[PDB]
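Colleague: My questions will all concern the structure given below.
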Amino acid sequence: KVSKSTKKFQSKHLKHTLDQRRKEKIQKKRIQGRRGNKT
Amino acid sequence: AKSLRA
Amino acid sequence: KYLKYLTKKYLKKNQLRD
Amino acid sequence: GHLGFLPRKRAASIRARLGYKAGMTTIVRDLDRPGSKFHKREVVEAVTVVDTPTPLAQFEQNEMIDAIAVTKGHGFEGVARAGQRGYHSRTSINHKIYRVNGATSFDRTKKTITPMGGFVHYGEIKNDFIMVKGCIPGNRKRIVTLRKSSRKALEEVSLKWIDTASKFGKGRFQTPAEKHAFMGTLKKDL
Amino acid sequence: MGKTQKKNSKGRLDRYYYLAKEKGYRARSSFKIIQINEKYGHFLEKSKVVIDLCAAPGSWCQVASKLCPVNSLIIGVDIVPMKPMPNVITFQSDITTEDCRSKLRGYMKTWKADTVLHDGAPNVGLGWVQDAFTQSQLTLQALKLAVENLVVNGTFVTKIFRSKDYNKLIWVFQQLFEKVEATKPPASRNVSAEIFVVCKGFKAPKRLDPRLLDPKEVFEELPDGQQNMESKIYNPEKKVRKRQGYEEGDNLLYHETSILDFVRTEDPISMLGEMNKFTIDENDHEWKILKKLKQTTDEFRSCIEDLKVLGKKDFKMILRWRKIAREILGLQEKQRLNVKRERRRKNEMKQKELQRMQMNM
Amino acid sequence: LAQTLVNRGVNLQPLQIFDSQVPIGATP
Amino acid sequence: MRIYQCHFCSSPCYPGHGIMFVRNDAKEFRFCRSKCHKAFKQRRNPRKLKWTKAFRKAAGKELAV
Amino acid sequence: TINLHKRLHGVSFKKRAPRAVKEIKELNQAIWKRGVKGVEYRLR
Amino acid sequence: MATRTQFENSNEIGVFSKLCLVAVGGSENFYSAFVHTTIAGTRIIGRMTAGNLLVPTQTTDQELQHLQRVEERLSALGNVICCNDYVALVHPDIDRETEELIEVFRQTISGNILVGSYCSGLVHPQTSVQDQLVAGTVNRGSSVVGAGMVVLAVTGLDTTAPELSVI
Amino acid sequence: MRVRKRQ
Amino acid sequence: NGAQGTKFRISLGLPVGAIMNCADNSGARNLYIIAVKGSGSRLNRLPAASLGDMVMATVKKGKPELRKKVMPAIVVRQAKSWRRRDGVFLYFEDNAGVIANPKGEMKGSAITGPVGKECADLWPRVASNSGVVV
RNA sequence: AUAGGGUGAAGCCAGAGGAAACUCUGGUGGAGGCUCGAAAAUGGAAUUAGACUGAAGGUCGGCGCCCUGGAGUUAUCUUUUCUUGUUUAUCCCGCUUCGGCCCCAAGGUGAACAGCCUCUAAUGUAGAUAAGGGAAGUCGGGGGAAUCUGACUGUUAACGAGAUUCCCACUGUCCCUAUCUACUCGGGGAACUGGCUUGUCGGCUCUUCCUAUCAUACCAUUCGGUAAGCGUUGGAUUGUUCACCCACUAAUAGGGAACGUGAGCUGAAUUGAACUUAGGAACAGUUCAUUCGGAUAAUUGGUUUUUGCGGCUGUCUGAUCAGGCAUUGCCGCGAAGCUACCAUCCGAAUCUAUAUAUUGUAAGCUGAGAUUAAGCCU
Ligand SMILES: Nc1ncnc2c1ncn2[C@@H]1O[C@H](CSCC[C@H](N)C(=O)O)[C@@H](O)[C@H]1O
């Protein structure tokens with residue numbers, strides 16, 4: 001049985017969280033080169 | 001070749 | 001309940017349920 | 001296509017300017033055509049039976065005749081031009097007559113030209129029929145006007161067998177008695 | 001399609017074509033050996049003797065002349081006439097005949113060529129089933145010419161149309177050279193199936209095997225060893241169209257064996273998928289024993305007369321019948337372990353207690 | 001100077017030119 | 001000119017009807033319908049299917065001797 | 001006996017049960033027993 | 001004998017004849033040179049029959065009436081049976097059940113399994129001495145001597161004088 | 001005969 | 001050329017580019033079709049071959065000396081159903097052909113498997129080399 | 001509000017090697033930048049009982065604090081169906097609401113959060129099928145191998161859901177289209193001929209016309225005359241070009257429609273063979289291909305909303321029986337109809353309509369049972 005919190009999150013926040021995850025992955029991939037990226 | 005009208 | 005079920009079945013067998 | 005048939009409009013009437021087309025069947029004949037690669041051999045071919053008295057609700061053998069009839073129509077269809085297709089009047093020439101019923105000199109089966117269960121969309125042939133090699137313009141139940149007029153026209157046709165199987169499906173029997181003798185005894189017939 | 005000119009194609013006219021025209025080179029292909037030589041340490045400058053087979057109209061010869069030492073011996077061999085070039089000795093003769101051998105020997109007085117580079121190609125348009133094979137044959141002939149004109153540790157460069165007979169050429173090259181490698185320069189437009197293979201370190205054997213350079217058995221075909229397993233389960237699978245010919249020793253295209261051979265064999269799957277029939281002998285004692293069984297009835301014999309119309313449900317029955325027929329026919333060590341374990345546990349407990357003594361600082 | 005012209009593609013011996021790929025009148 | 005019998009259902013085959021398959025084994029299979037041909041292609045056993053004459057002769061439904 | 005197999009022949013499924021009434025005009029229950037797409041071939 | 005004839009401008013006398021059975025054609029020139037018959041509605045009589053008469057199953061009942069039928073895969077009886085009144089060479093792979101219908105010897109003409117088409121005796125020029133009867137060509141270099149002639153020895157017009165002398 | 005087109 | 005007599009129409013079932021088995025013992029395995037002799041003319045229509053029709057083919061699989069150039073071939077088996085004037089539609093297991101010369105003599109010495117009746121009649125050499133007919 | 005699935009970090013416990021350190025194997029623990037959803041050319045001056053919505057109509061982790069034992073059906077069967085310290089962690093199995101880190105919400109199935117069910121004539125688009133071939137179409141279409149290329153180790157290294165080329169397999173992309181289901185033609189337009197000129201970019205492919213004729217006709221092949229009736233192809237765009245390469249064919253002739261003109265792509269018959277003439281021809285007699293056109297469905301192949309028969313998967317009618325849903329749910333066959341160069345029939349060269357058969361042995365014996373005209377016969 002699905003929990004209520006899961007039901008709410010999968011219908012209210014799942015899409016934008018996935019979009020943000022994709023955008024973060026794209027930013028990470030596009031920044032692999034570009035010498036001058038130090039911690 | 002030979003035609004019909006020939 | 002079992003007696004009621006048996007009586008209903010017997011009535012239906014004799015076509016008296018209605 | 002052909003510019004000689006330029007008017008693609010419907011015919012004036014079903015009687016193109018006489019017999020009723022019944023259907024088609026198949027025959028096999030012993031060919032005697034000297035000089036041909038099929039000399040002294042057997043050839044199977046399509047023939048059309050035209051009923052010439054009909055179950056409608058409304059010449060000699062070894063001779064070539066021409067049939068005048070109205071083409072079967074198919075209605076409007078979209079030379080890259082859209083319009084009437086069919087229902088044209090057409091004359092088809094040099095169609096050899098094969099028979100003027102189904103038993104040949106080689107097939108000893110007392111059977112009639114009518115198939116098992118009759119033709120499709122046409123009953124049994126209860127009257128005289130003209131059996132013409134090939135296909136004639138117009139579909140079944142149409143009226144066809146037969147008319148008179150190469151070694152082909154002089155060939156003598158020796159019929160060997162006529163296909164009288166049911167056209168109403170993949171028939172395998174020539175007579176109902178043959179089917180009854182093949183299958184045997186059924187539950188109903190007891 | 002459209003029956004258009006080749007010059008009207010989208011990639012036929014290229015920047016390499018115009019670059020070769022500007023540089024005076026007779027073909028854009030001249031750039032290919034320009035880049036290949038730039039990949040393998042400028043091996044033309046260290047050659048000093050050059051042989052170029054099928055060099056119409058001399059683009060590679062021009063490149064060699066511009067790159068190799070000034071007074072080198074670039075010799076071009078062709079089948080079509082070639083426009084003469086300065087400091088290049090070009091002549092016309094078919095390389096697949098003794099005339100080419102005689103002319104080359106006349107021109108190769110005593111020197112042995114340090115490099116042989118071949119760029120031959122047929123008249124493409126036949127169908128590519130013969131074009132690729134005839135190009136491979138041309139490459140093998142060029143190798144046969146080169147093997148007798150190359151010094152030890154020589155370089156041989158050739159162009160092969162990729163096809164089924166390309167790994168065979170690579171293997172043959174590996175048996176006569178130290179390092180064999182294929183490549184494709186940028187000026188080798190990526191729609192083309194041509195690949196340029198270069199091989200360095202010529203072995204130059206004293207007694208070379210002629211049959212290693214004979215096309216009669218270099219291009220020998222390979223047999224098949226398929227499992228023949230789908231023919232028992234997936235009978236109505238519409239097996240892949242058999243367009244690979246028949247067996248050499250097969251004339252009737254038909255096989256039959258005794259049923260007892262099927263019983264005694266170790267591989268029933270292979271025999272069921274190959275035979276057309278199993279023969280029954282009615283005067284054999286083994287078949288006399290096998291006949292009086294609960295099997296060998298209920299449409300079994302009829303399934304044996306034709307092993308091509310059965311299906312899985314009958315093949316399994318036959319296999320079960322074959323199975324039926326085959327069936328018918330110490331304390332001190334433990335104490336030491338305990339002692340060492342007790343010592344280890346005592347040491348660990350002592351260390352843990354000492355550590356806990358000092359974790360309230 | 002001989003090595004330079006040899007690199008250009010001029011066959012010369014001490015200096016007279018036997019054969020040059022490019023003209024010597026325009027060679028720098 | 002001879003009435004053959006279908007390889008599958010043993011029903012008569014007449015000139016023109018059916019399609020014949022020639023195996024590489026120089027064996028001719030004559031069929032009376034596309035039904036029999038399709039049954040043969042799927043490697044269906046004629047004796048198992050009840051409508052064929054092979055089933056009827058292998059179960060005593062019709063005399064065979 | 002009404003042969004609804006012949007009368008409804010060629011009609012799309014989605015309108016078989018409604019149109020069936022048109023070839024007749026508790027019987028509505030017998031018409032719609034099997035839904036829109038299902039009408040018995042013969043009815044009494 | 002020295003007889004030269006063609007069937008419709010074809011030198012292969014053995015293909016269309018055998019002795020005598022003559023193929024049915026569009027003329028009577030071939031028959032007059034020498035039984036009009038067809039085998040399965042074909043003119044190749046010599047390569048579809050054998051005798052000193054065996055016909056395959058492809059022959060119709062009518063043709064068999066016109067002229068013993070054998071049930072065996074290699075329907076080209078004239079190509080797999082080189083026979084005379086006494087000795088008959090056969091195909092190596094022929095079935096046993098028809099050998100009882102045909103002295104029968106399973107042999108090849110120097111590796112040629114078609115004994116009835118490469119041997120007529122005259123055998124093809126490629127025949128080795130051990131298997132060898134004279135090895136001689138026919139119809140101007142045709143190694144197929146069984147089908148290129150019959151043996152009277154009727155042969156195609158294209159036969160050269162030395163070849164006819166050998167025959 | 002196909003008559004030509006006169007000027 | 002080299003065919004004996006006339007020919008009738010058979011259902012075309014082998015267009016250009018098709019690959020068929022090699023039924024003679026010349027050392028080849030398959031033949032790849034590149035052209036058809038006397039096919040006709042029509043726009044966008046691929047030339048197609050039937051049994052008994054001489055085509056030009058190349059040996060895709062076989063002895064290297066055999067696949068040196070394009071060569072004539074004759075189709076002897078057809079997988080496409082075709083009509084037989086005796087009154088029967090028929091077809092074979094697979095597409096097969098035999099290598100020959102422009103005059104119609106095969107390079108091999110025997111033919112494996114059944115040979116179409118129509119093909120074994122146009123070409124007397126095929127009838128001589130064939131072991132099985134129909 | 002910060003959810004869920006998987007993976008399983010420190011730390012802890014039990015074993016083996018080793019002087020330790022440490023490394024292994026098992027469990028536990030539940031963390032994260034871990035992951036997943038000459039000059040031409042048109043002619044010329046969803047309604048009528050049925051159905052639908054289907055409960056999503058400071059912080060974190062684990063342990064401790066809805067199902068089950070009156071009404072409905074009953075041909076047969078069913079006591080049934082609905083409702084009232086020993087801590088898991090090292091320290092001292094559901095739904096709703098002690099220690100590291102810094103707005104409410106039912107049940108059954110789902111060997112997958114998912115999803116499913118229930119209680120309170122023509123045209124166009126999409127989809128499927130199709131004999132033989134298998135990318136022959138077009139600029140260019142499930143596995144294997146090798147090259148080019150991008151961040152970059154210790155063997156032709158590896159890696160990238162990067163690109164290219166070959167091998168095998170498959171395919172309606174094509175030859176060449178045909179059938180079924182659901183919804184549902186604008187063709188066309190809007191620096192001046194002063195009678196010039198000739199013999200010394202598949203960019204327009206339902207077409208029409210010109211002759212300055214390539215072939216066929218008449219006077220082995222060369223030249224020329226009448227002649228426009230008729231016909232003037234399939235592949236490669238894969239290496240090299242100054243522009244072509246390879247075959248079939250009777251031949252694969254040259255041009256105008258302003259540089260043939262823009263919804264798209266960079267750049268009415270025709271012809272060829274075969275027998276005989278005739279052993280390197282022909283007229284006479286005779287038999288057939290190719291192309292084109294007209295028509296037709298006997299057969300062969302294809303197609304199924306007869307949703308005709310039979311099967312299977314999931315689910316629901318208390319269970320068999322008989323049925324419904326899942327856009328033939330997925331399959332096998334297939335009638336009628338339509339249809340195929342994939343089927344058949346016919347054809348001096350000049351002047352009726354249209355906007356018995358099929359499947360396969362029924363429920364409880366049996367080629368049984370079911371369906372058979374709506375465009376079958378009777
Ligand atoms: N069998 C053969 N023998 C000799 N030369 C051949 C040949 N086959 C093809 N050739 C020639 O080889 C040439 C290859 S193209 C030349 C490749 C090279 N880039 C260059 O320009 O020199 C073709 O033009 C062809 O004419």
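Each chain of the structure tokens is named A, B, ... in the order shown, its residues numbered from 1; ligands are numbered from 1 in display order.
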For ligand 1, list the contacting residues at 8 Å or closer, counting only C-alpha atoms (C1' of nucleotides) and all ligand atoms, as a PyMOL selection string.
Modeller: (chain E and resi 26-30+32+52-61+77-80+93-96+118-123+138) or (chain L and resi 239-240)
Colleague: Could you please take those selected residues and save C-alpha atoms (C1' of nucleotides) as a PDB file, in the first residue's frame?
Modeller:
```pdb
ATOM      1  CA  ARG E  26      46.227  15.453 -60.041  1.00  0.00           C
ATOM      2  CA  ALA E  27      43.737  14.069 -57.499  1.00  0.00           C
ATOM      3  CA  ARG E  28      42.406  14.693 -54.014  1.00  0.00           C
ATOM      4  CA  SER E  29      43.566  11.174 -53.120  1.00  0.00           C
ATOM      5  CA  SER E  30      47.109  12.572 -53.096  1.00  0.00           C
ATOM      6  CA  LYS E  32      45.419  10.587 -48.307  1.00  0.00           C
ATOM      7  CA  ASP E  52      53.746   2.801 -56.894  1.00  0.00           C
ATOM      8  CA  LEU E  53      51.419   0.316 -58.593  1.00  0.00           C
ATOM      9  CA  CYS E  54      48.202   1.461 -60.297  1.00  0.00           C
ATOM     10  CA  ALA E  55      49.137   5.139 -60.083  1.00  0.00           C
ATOM     11  CA  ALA E  56      46.694   6.809 -62.478  1.00  0.00           C
ATOM     12  CA  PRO E  57      47.543   9.581 -63.066  1.00  0.00           C
ATOM     13  CA  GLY E  58      50.397   9.951 -60.583  1.00  0.00           C
ATOM     14  CA  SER E  59      49.037  11.872 -57.581  1.00  0.00           C
ATOM     15  CA  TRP E  60      50.752   9.541 -55.112  1.00  0.00           C
ATOM     16  CA  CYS E  61      53.879   9.604 -57.282  1.00  0.00           C
ATOM     17  CA  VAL E  77      53.305   1.105 -62.917  1.00  0.00           C
ATOM     18  CA  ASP E  78      49.946   1.516 -64.631  1.00  0.00           C
ATOM     19  CA  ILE E  79      47.566  -0.164 -67.052  1.00  0.00           C
ATOM     20  CA  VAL E  80      46.324   3.139 -68.552  1.00  0.00           C
ATOM     21  CA  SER E  93      51.708  -2.595 -68.142  1.00  0.00           C
ATOM     22  CA  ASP E  94      49.244  -4.891 -66.409  1.00  0.00           C
ATOM     23  CA  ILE E  95      50.632  -5.889 -63.017  1.00  0.00           C
ATOM     24  CA  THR E  96      48.944  -9.321 -63.134  1.00  0.00           C
ATOM     25  CA  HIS E 118      49.306   0.483 -53.965  1.00  0.00           C
ATOM     26  CA  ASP E 119      46.039   2.332 -54.603  1.00  0.00           C
ATOM     27  CA  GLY E 120      44.371   0.290 -57.329  1.00  0.00           C
ATOM     28  CA  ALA E 121      40.635   0.074 -57.910  1.00  0.00           C
ATOM     29  CA  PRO E 122      38.401  -1.486 -60.582  1.00  0.00           C
ATOM     30  CA  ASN E 123      35.727   0.290 -62.631  1.00  0.00           C
ATOM     31  CA  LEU E 138      44.239  -6.618 -57.019  1.00  0.00           C
TER      32      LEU E 138
ATOM     33  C1'   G L 239      38.526   5.017 -55.499  1.00  0.00           C
ATOM     34  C1'   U L 240      40.252   8.960 -60.276  1.00  0.00           C
TER      35        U L 240
END
```
Colleague: Report as a Markdown table: every residue of range 25-50 of chain D with an atom at most 12 Å from range 8-21 of chain K, its closest pair of atoms, and their distance in Å to one decimal, counting only C-alpha atoms, with rows sorted by chain and ascending residue number.
Modeller:
```
| residue | atom | partner | partner_atom | distance |
| --- | --- | --- | --- | --- |
| D:36 | CA | K:8 | CA | 11.2 |
| D:37 | CA | K:8 | CA | 9.4 |
| D:38 | CA | K:8 | CA | 10.5 |
```
Colleague: Would you save the residues from that selection as a compact mmCIF listing (two decimals), in the first residue's frame, using N, CA and C atoms?
Modeller:
```
# COMPACT_ATOMS: atom_id res chain seq x y z
N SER D 36 2.37 -25.36 -82.33
CA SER D 36 2.40 -24.80 -80.99
C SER D 36 3.13 -25.74 -80.04
N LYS D 37 3.74 -25.15 -79.00
CA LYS D 37 4.44 -25.94 -78.00
C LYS D 37 3.48 -26.77 -77.16
N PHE D 38 2.19 -26.46 -77.19
CA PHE D 38 1.18 -27.22 -76.47
C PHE D 38 0.38 -28.13 -77.39
```
Colleague: What are the residues of chain K that have an atom within 10 Å of an atom of chain D, counting only C-alpha atoms, as a short mmCIF file (atom, residue, chain, number, x, y, z; two decimals) with C-alpha atoms, in the first residue's frame?
Modeller:
```
data_model
loop_
_atom_site.label_atom_id
_atom_site.label_comp_id
_atom_site.auth_asym_id
_atom_site.auth_seq_id
_atom_site.Cartn_x
_atom_site.Cartn_y
_atom_site.Cartn_z
CA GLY K 5 11.89 -22.81 -79.10
CA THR K 6 9.49 -20.30 -77.62
CA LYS K 7 8.58 -19.61 -74.00
CA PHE K 8 5.40 -18.63 -72.19
CA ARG K 84 1.42 -24.94 -64.93
CA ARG K 85 -0.74 -25.32 -68.04
CA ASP K 86 -1.47 -28.94 -67.15
CA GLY K 87 -3.64 -27.28 -64.52
CA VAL K 88 -1.74 -26.81 -61.27
#
```
Colleague: As a ChimeraX atom specification, please: all residues of range 104-337 of chain E that backbone DSSP puts in strand (DSSP E or B).
Modeller: /E:113-118,150-161,177-183,194-202,256-258,277-279
Colleague: Write the selection just made, keeping C-alpha atoms, as a PDB file, in the first residue's frame?
Modeller:
```pdb
ATOM      1  CA  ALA E 113      62.496  -0.907 -52.978  1.00  0.00           C
ATOM      2  CA  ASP E 114      62.187   0.323 -49.404  1.00  0.00           C
ATOM      3  CA  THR E 115      58.444   0.957 -49.833  1.00  0.00           C
ATOM      4  CA  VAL E 116      55.620  -0.249 -52.072  1.00  0.00           C
ATOM      5  CA  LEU E 117      52.344   1.687 -52.011  1.00  0.00           C
ATOM      6  CA  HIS E 118      49.306   0.483 -53.965  1.00  0.00           C
ATOM      7  CA  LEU E 150      60.929  -5.092 -50.550  1.00  0.00           C
ATOM      8  CA  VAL E 151      63.969  -5.050 -48.266  1.00  0.00           C
ATOM      9  CA  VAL E 152      63.832  -6.460 -44.750  1.00  0.00           C
ATOM     10  CA  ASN E 153      61.945  -3.997 -42.528  1.00  0.00           C
ATOM     11  CA  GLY E 154      60.038  -2.439 -45.415  1.00  0.00           C
ATOM     12  CA  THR E 155      56.703  -0.631 -45.568  1.00  0.00           C
ATOM     13  CA  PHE E 156      53.748  -1.750 -47.697  1.00  0.00           C
ATOM     14  CA  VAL E 157      50.688   0.503 -47.996  1.00  0.00           C
ATOM     15  CA  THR E 158      47.540  -0.627 -49.779  1.00  0.00           C
ATOM     16  CA  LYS E 159      43.859   0.243 -50.084  1.00  0.00           C
ATOM     17  CA  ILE E 160      41.228  -2.456 -49.557  1.00  0.00           C
ATOM     18  CA  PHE E 161      37.504  -2.270 -50.195  1.00  0.00           C
ATOM     19  CA  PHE E 177      55.117  -8.023 -41.746  1.00  0.00           C
ATOM     20  CA  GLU E 178      55.853  -7.042 -38.163  1.00  0.00           C
ATOM     21  CA  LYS E 179      53.146  -4.437 -37.486  1.00  0.00           C
ATOM     22  CA  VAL E 180      49.947  -4.393 -39.567  1.00  0.00           C
ATOM     23  CA  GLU E 181      47.335  -1.703 -38.980  1.00  0.00           C
ATOM     24  CA  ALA E 182      44.376  -0.240 -40.864  1.00  0.00           C
ATOM     25  CA  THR E 183      43.290   3.398 -40.916  1.00  0.00           C
ATOM     26  CA  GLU E 194      37.848   2.001 -48.762  1.00  0.00           C
ATOM     27  CA  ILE E 195      40.284   1.465 -45.889  1.00  0.00           C
ATOM     28  CA  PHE E 196      44.044   2.013 -46.071  1.00  0.00           C
ATOM     29  CA  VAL E 197      46.111  -0.690 -44.370  1.00  0.00           C
ATOM     30  CA  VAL E 198      49.833  -0.161 -43.796  1.00  0.00           C
ATOM     31  CA  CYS E 199      52.252  -2.878 -42.725  1.00  0.00           C
ATOM     32  CA  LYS E 200      55.797  -2.240 -41.509  1.00  0.00           C
ATOM     33  CA  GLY E 201      58.707  -4.522 -40.719  1.00  0.00           C
ATOM     34  CA  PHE E 202      58.940  -6.780 -43.753  1.00  0.00           C
ATOM     35  CA  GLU E 256      18.250 -42.179 -44.198  1.00  0.00           C
ATOM     36  CA  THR E 257      19.593 -44.373 -41.399  1.00  0.00           C
ATOM     37  CA  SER E 258      18.507 -47.342 -39.325  1.00  0.00           C
ATOM     38  CA  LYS E 277      13.861 -41.018 -42.553  1.00  0.00           C
ATOM     39  CA  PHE E 278      14.691 -43.764 -40.076  1.00  0.00           C
ATOM     40  CA  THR E 279      14.812 -47.233 -41.619  1.00  0.00           C
TER      41      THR E 279
END
```
Colleague: Contacts of residue 46 in chain L at 10 Å or less, counting only C-alpha atoms (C1' of nucleotides), minus same-chain residues fewer than 4 places along, as number ranges by chain?
Modeller: H: 14-15, 36; L: 50-52
Colleague: At a cut-off of 8 Å, using only C-alpha atoms (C1' of nucleotides), what residues contact range 39-53 of chain K? Leave out same-chain residues fewer than 2 positions from it and give the result as a PyMOL selection string.
Modeller: (chain K and resi 10-16+35-37+55+74-78+116+118-120+122-123) or (chain L and resi 136+175+233-234+248-249+290-291)
Colleague: Which residues are close to residue 21 in chain H, i.e. within 12 Å by only C-alpha atoms (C1' of nucleotides), leaving aside same-chain residues fewer than 2 positions away? Reply as JSON, numbers by chain.
Modeller: {"H": [2, 4, 7, 8, 15, 16, 17, 18, 19, 23, 24, 25, 27, 28, 29, 30, 31, 32, 36, 39, 43], "L": [48]}
